[PDB]
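Protein chains in written order, with the deposited numbering: chain B, 6 to 314; chain C, 6 to 313; chain A, 6 to 313; chain A', 6 to 313; chain C', 6 to 313; chain B', 6 to 314. A prime marks a further copy of an entry chain. Have a look at the structure below, then the notes.
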Amino acid sequence: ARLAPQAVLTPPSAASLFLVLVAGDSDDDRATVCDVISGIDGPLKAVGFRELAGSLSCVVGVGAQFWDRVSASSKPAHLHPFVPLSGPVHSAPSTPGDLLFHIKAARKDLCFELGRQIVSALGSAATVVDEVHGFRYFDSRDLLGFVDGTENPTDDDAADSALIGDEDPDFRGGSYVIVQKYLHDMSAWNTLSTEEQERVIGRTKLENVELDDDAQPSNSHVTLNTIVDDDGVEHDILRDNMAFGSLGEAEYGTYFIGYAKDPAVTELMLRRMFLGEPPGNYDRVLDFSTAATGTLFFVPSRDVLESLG
Amino acid sequence: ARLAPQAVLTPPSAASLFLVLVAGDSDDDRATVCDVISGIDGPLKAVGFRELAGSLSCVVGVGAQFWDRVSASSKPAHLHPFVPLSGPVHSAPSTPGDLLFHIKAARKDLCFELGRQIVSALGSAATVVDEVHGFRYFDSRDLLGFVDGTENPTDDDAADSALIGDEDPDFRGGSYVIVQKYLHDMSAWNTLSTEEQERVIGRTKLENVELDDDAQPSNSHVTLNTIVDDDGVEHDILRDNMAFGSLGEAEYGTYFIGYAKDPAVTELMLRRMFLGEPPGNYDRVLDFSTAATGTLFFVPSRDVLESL
Amino acid sequence: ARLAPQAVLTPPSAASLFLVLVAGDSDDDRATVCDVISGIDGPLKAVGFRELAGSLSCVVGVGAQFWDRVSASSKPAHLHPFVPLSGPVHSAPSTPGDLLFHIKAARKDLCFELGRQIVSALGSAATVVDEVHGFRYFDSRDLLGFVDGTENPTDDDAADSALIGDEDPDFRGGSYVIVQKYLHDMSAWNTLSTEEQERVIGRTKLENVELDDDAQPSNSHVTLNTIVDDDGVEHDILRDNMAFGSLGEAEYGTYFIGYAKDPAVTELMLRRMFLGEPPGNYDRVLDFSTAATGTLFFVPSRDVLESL
Amino acid sequence: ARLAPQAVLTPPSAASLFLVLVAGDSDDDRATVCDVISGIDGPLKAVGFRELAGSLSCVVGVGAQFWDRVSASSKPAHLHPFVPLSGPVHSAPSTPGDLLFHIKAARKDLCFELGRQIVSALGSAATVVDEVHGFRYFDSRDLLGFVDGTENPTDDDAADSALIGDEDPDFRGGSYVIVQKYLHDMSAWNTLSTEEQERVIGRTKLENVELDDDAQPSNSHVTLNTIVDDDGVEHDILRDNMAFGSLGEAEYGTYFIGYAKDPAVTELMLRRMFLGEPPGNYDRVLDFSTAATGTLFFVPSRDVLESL
Amino acid sequence: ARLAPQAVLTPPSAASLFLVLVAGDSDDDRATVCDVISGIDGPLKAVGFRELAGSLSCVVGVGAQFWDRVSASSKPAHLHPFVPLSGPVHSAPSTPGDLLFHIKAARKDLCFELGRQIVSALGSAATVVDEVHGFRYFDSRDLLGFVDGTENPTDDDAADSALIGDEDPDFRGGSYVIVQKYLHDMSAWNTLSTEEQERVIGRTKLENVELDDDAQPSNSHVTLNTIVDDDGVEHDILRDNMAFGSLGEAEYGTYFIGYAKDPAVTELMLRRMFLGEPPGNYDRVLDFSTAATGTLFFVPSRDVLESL
Amino acid sequence: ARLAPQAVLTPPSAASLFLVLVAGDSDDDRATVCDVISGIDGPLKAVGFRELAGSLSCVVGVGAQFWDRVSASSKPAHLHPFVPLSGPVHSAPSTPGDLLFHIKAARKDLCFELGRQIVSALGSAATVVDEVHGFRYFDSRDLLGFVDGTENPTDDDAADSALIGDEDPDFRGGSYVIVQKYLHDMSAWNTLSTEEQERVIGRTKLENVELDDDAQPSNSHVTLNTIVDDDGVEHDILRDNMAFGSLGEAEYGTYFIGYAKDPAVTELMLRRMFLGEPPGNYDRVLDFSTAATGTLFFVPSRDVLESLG
Ligand code: HEM
Ligand code: HEM
Ligand code: HEM
Ligand code: HEM
């Protein structure tokens, strides 16, 4: 899917950039934002064409509140702000954001350059509220030391899971994406043995093999994020998580970013993680990870994004 | 297609693992085997996701007999055990195999790791009967020194040639695969001149150009493996041949592996090779290569495989 | 795509070869040529399969006069010879060509070797009339110093821009290609400031960013090559331009090659460049670039090419 | 070199990490720090060996005050704290730093992971006072758009420029390094024409060609940073500058890091830049760049570091 | 060092071939062997030059006994057959070998081809006794899942550790190499917890960090293989260990290969491993790994090798 | 040897550029040429630094006649114009050239860009008389289809063979290089069988193995270019040959370029090839290859090159 905005199905990359911005309250601000995001193919190619491989991609997401400013009476079926959750000890806050740019490439300079051009074009019309420079960490691992992304659906399965279909024809090809910037307590996580960490996750650490059923805890990250409806049909999401961090401020992080054709799936996963199934049987990754943001965005298909205003 | 099992249409790779196994007669065995293969996506991703490029692939083949132990009520139009051939000079054996794992990656370690995890999860339920570690040799050559795989169908031609279509709709997306582990007589091949070797194969050696029509022997490997029907229509297979060997055992091999939507095509090629066309006019490649195995498998589509 | 002839939508490559040829007068010449181009998949795979990555591609174009010698039976709707243009300052000549081979690969040797096999196979039946060895120059730049190709359509847009569809169903999958070999006056170009060069092209030089609507001159290259119909729909072409040159001859060039499902789009860009829009307001790029060739070809789909 | 600490002469990399730290007051803090830096080869290999290519490097610098806490016994001839400069328009501050870790690799994860291990191992004994994640920007450019590093000495010239020799034999193989973290005023920079920017730097922008002697302004960055002794001998430094920034903070930076066997060379460049040569005639780069840090370190050879 | 035999100091590679041969008792044999190895540069270049990067290398080892058949009047200070070890629980055999070919490249095909040409040129004059195809496993790990080779000496440390110096001047540039083909008990190793495995090795598993001094078992592989003399001086070897295996035979191996300027260092390591220090306190790696071979060779400098 | 002019010992590359120029007769011309070549490190780094790998190299050679214009009374011991040879059917002509630029890199654009900058700086002061764009052809082969360069010395052996030592201390580190642009008769060469081609060369075609002694013809390319003096000491040269060609003008070529500390070795090789040993027993490669140029150049060390004028 070379140099085309809204390519949700892109495979993992060595570098990413996650930018979340809040749009200004004016009509000028709205119009500038609308010009930039609807012409996003411009800077995408301005930057990406310079690398022969064409690895650069950019997915634009729009928040529920800003969507209603730019497209009042045409609205994807499930667009709403992020639903915050409050467990006894761990919570998923809902944090501001009208615009998401999820940028991936084989190199840092390409992500940075595109972000620079996007930010420059928006000028005073929007403000960056969250910025994360993701990087691949060894053999596709996160900073907890586990391979992160293994069971992502691919090919047809990825399209089926991520992309709006016949349920909502006016927005076919779009998606819904949720982000959360997690920070880890590395000290506390290191007090665990490998075997305990594997029980927390649901897979072996080095070898990345799923624990067998008889050894798989009911509150493992894997068990809690396995979604099968009443009819026995599995429901998956597409994740593009990346490590990030700052050694001086002791930030070791995982940027969660998951796409679904219906955010009810992602939301159910989150509520299973934070609230438990059975109730109180929550995801122990959360003992070692604290979400600092939580925002949902609608990802319009190319055709819809280009029509805005 | 990234990290999806039963991806028959994958381009050539630097490394291969060909694993042929036989299943236990037991019923725990039938079940374990069934669990490992119907969930093969699991180990594929467990290993393959660790490589940024996601080059790892795995095609699972099921022998006719073991297919009957596991899906009795439904069977693909052309599933049967490998038809042995007994020709004038040369013979193709029919050797045992219930399960085929055709593994490819950019790296050896990925092939080995995936194999290791497949074998470990099968435990005592099945036994490795043939293991081949294939490798790319220079510019896509076999150990006979010819570029090997040149005329393979690609893209749409490849799908049409290898993948079960409207003609057997319950098994669309599947394929039939035949393997044969060939061992070469390197001394004997080396006593031929380049030009004689070219006559045997059907193409120039260094340049990999197909001989002119007037200079093309009627028993050249290329002529014998060219299939045209009565309407004038060509029928092709998709080969993923790799070299392999052991210097201490003086083994120098080409691992043959061919996919077709209908094994009749591959079987006819084998027939023209081993029996000759006209009869006795056989493939001289056979004078320097001996098939140590010979096994046919059904390659179920990913949907069919995941039900079991 | 992989090693398939007529792959119009291939992404940019490190190297390419542009070969333009005129065919001989005899019916023999016309048969040899038809034989070569209709079997072009042979040499394509013979060379291309030798590279693991399979980057080698080859698009064959056929000029209008030659097409009539071979298929007076049926014609693509827009096939005609290249139309010369005579502007107030610059002219685009129409120069001979019956056949185009547009060859791309990750490596020069692959392009060269494919060209070698093609030319050898054609022998006396054809003569090379123009030959250009294109190369990538830094971060996708032309020798004028500007990123060249930025706004090419990609993916579905590329197919909708370049590939013949419902409008001419007999030749669906084909395309039309125009080539022009441009030589630059480098010393003249360098007398301009970067800002002046930016106003000539329509984008900033290092950063490759389109000039704002109100800083875009009406005769900028970008402005003149923007084609918008009465219904507000933009019409794009697919360009595969490469740098070339010779330091001893002081030749510094850009080889233009542009594919479109309807060549009138490309032709209209050419007219607006050479004659200006409004008339007189011509493309200042032409003050530093002189086209030495100008030829139109029909690019038959694989099916149509293989039946010629 | 391969996975050896204090490899000053490594070529440029895709990624780097600049960590500046202040050590604690206690003798315990001074012992932990000495333990970590003297054993720095451990973490270097622990991380670095994991990459086949072995690109990971780590140069440890020690500030003058900290060096006295650890080796009041003997001092390198030119070790002193960074000298602040107060020019007519711009100033270079002297900011704290006892330790520098200058880490380079082909990959960000390697730099990050080495930094992680270093910081963890130091625990409470030290505090990170400045941290910069450098990255390569297109074809070796800084964020000002100019190729940055062109005239670095290489090979023998690099060793003669950067490495302590006969002049201070007790510390042979060591070096002296100055870091300054510069932030740019990008909107101001963009108001200049390319030609104006070229006159500020001393080279053409896209093509990276030194301006002719008679078009080179006397206050160009290149002119001011050319150091020629009375005997006509040029004295060069070794720079490993990288881009960095944060789009949300509008931070666009160049991290300066310059190695020399005698830091007076580097210091003299700094004085000529900030104060001008002649006085008043200062470097116009400083009109668009503000140094937020300024620190001098001694870079001990492996031997000396390993005995600390 | 490119395409030069006896390049002991080469960095790790993606692929290896370890070939151990015994020579014929005959005198034609002595001579043929002598011709093949003294001219080993020939085949090395014949194969290696075909790869642009020139990654192929070949170290030739000569057993003590065969060295006496071929260079009677001159012998290196420490050449002798491999000293077998018979410990409390575990034993290291002394297996036969006259010739060692330690081959490394970026690719398998280059290793195999070189091996093929070496074996072919030796003909009946010598017989392959052990053949191992080594491969890189993930991020420089052995099949026990630990990063393997981390603490290897590099650059000058590596030359000082592995290469014969002023202390045996007739053989400067040479080395002594010991091989041992280890096979692992994967089931048994898998019943240990990660933490127990870490205690056995001496380093953390995923992170490859060396255990703290207070947590470092006295029988950990690292402790046992740490050699410090009476003056306080450490002595190291250069290891080029690779993984290898066969899934059907359930073989999972680490091929040990260690180079030293003096085999006493390596022999002491082996002694501390197998016998323990204090006695009985042996290396628990040995509880999960069994040495199937054990052979010592002299690695002549390229000058010494080419005279024979 | 990163981005340093006169790096004679560089390993093979994917692309090369061979430029031969004749200097103008004036004093201005001489001075401009002298400025350009003595400052050659300038454009070398201006171009080469832009590629992270630093693969770009440039070796400057100076002809005997031009050397005497720029360095009248300091002269390397063996600098003379190319010695032409005249066999009964094949000849090695001596053709003009005062300057050689032998440029190598991993990419074409880098070779071309450096050549452009060099040519631009020389302006009217010199004229290109020969220009060849070399490329790697498959697995290090020439257009005859044989691996070409196999037995080149490497490392210490390469330094010993190519570079002036104690014999001529004032020019230590310099070298002497000879070029000849060969064109092949591809038709005639294809009428030979592989086995005959192997006898012409002295090695097997595909596998690149030296023919054994008992099968190695006395007029094979290998035999004729094997140089052993009376004392039994072998003398080698360092070659950087590359393919080149033009399909339209039916040019299929090999650019010969060989470096030696003493051109007597290269010259002896050439006379063995063209004249035979025994006499008339000439190199049969020459039945299929015709030299269109022949020029010798002195390659000054960096220090000597930078001192010129
Ligand atoms: C601290 C943040 C997180 C970390 C470190 C983390 C880590 C992991 C790891 C190591 C795996 C196993 C390999 C795989 O990707 O298949 C995994 C699986 C998964 N995680 Fe997360 N995760 C995080 C947050 C989340 C969140 C917030 C969600 C849901 C909204 C989520 C959903 C999933 C899903 C759906 C899977 C695949 C489960 C399966 O079907 O096997 N993760 N995660
Ligand atoms: C010792 C084992 C074999 C070797 C060494 C070998 C080698 C080759 C070579 C060098 C080529 C020409 C390049 C190419 O187009 O791929 C070729 C072509 C081919 N081979 Fe084989 N082959 C072997 C076994 C087989 C077998 C057992 C079959 C059939 C079951 C087969 C079917 C084909 C086909 C269909 C072609 C393409 C023919 C065309 O249309 O030109 N091969 N083989
Ligand atoms: C089954 C065979 C072996 C395995 C799996 C193995 C594994 C390892 C591992 C995982 C390490 C730590 C990483 C490193 O520094 O390389 C190591 C270190 C080392 N091994 Fe082995 N090893 C084996 C056999 C041997 C033998 C036979 C010797 C001696 C003859 C040896 C000598 C060493 C040495 C000297 C070190 C570095 C110690 C230090 O200074 O930290 N190893 N080995
Ligand atoms: C048409 C031009 C030429 C072609 C096609 C050619 C080709 C070859 C080939 C294929 C080889 C074998 C592999 C190797 O490089 O070691 C070779 C070797 C060699 N050639 Fe050439 N060559 C040409 C011109 C020359 C000239 C003019 C000279 C001497 C001035 C020369 C000197 C050598 C040398 C010294 C060797 C290595 C011989 C040895 O010690 O084994 N070549 N050449």
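Ideal Cβ positions, reconstructed from N, Cα and C, are used throughout, including at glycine.
For residue i, is the beta carbon positioned less than 6 Å from some heavy atom of ligand 1?
| i | result |
| --- | --- |
| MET247/A | no |
| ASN230/B | yes |
| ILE206/B | yes |
Given a cut-off of 7 Å on the beta-carbon distance, is the pair residue i and residue j in contact?
| i | j | result |
| --- | --- | --- |
| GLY263/A | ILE242/A | yes |
| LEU115/B' | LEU61/B' | yes |
| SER43/C | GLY178/C | no |
| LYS109/B' | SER166/B' | no |
| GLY92/C' | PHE279/C' | yes |
| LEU90/B' | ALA69/B' | no |
| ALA248/C' | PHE140/C' | yes |
Cβ-heavy atom distance between residue i and ligand 2 below 6 Å?
| i | result |
| --- | --- |
| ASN213/B' | no |
| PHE87/B' | no |
| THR155/C | yes |
| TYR181/C | no |
| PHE151/C | yes |
Roughly how far, in whole angstroms, is the beta-carbon of residue i from the beta-carbon of residue j, given that I think they are within contact range, below 8 Å?
| i | j | result |
| --- | --- | --- |
| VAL27/B' | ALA131/B' | 7 Å |
| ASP103/C | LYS186/C | That belief does not hold up - the Cβ atoms of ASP103/C and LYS186/C are roughly 17 Å apart, past 8 Å. |
What three-state label does DSSP hand residue i in the structure shown?
| i | result |
| --- | --- |
| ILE108/B' | strand |
| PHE71/A' | helix |
| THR228/C | helix |
Would you say the beta carbon of residue i comes nearer than 6 Å to a heavy atom of ligand 4?
| i | result |
| --- | --- |
| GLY53/C' | no |
Would you check whether ligand 3 has a heavy atom nearer than 6 Å to the C-beta of residue i?
| i | result |
| --- | --- |
| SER96/C' | no |
| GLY237/C' | no |
| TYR187/C' | yes |
| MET191/A | no |
Practice problem: Counting only runs of 3+ residues fully inside the segment 162-237 of chain C, write out the beta strand (DSSP E) ranges in chain order. | Solution: 180-189
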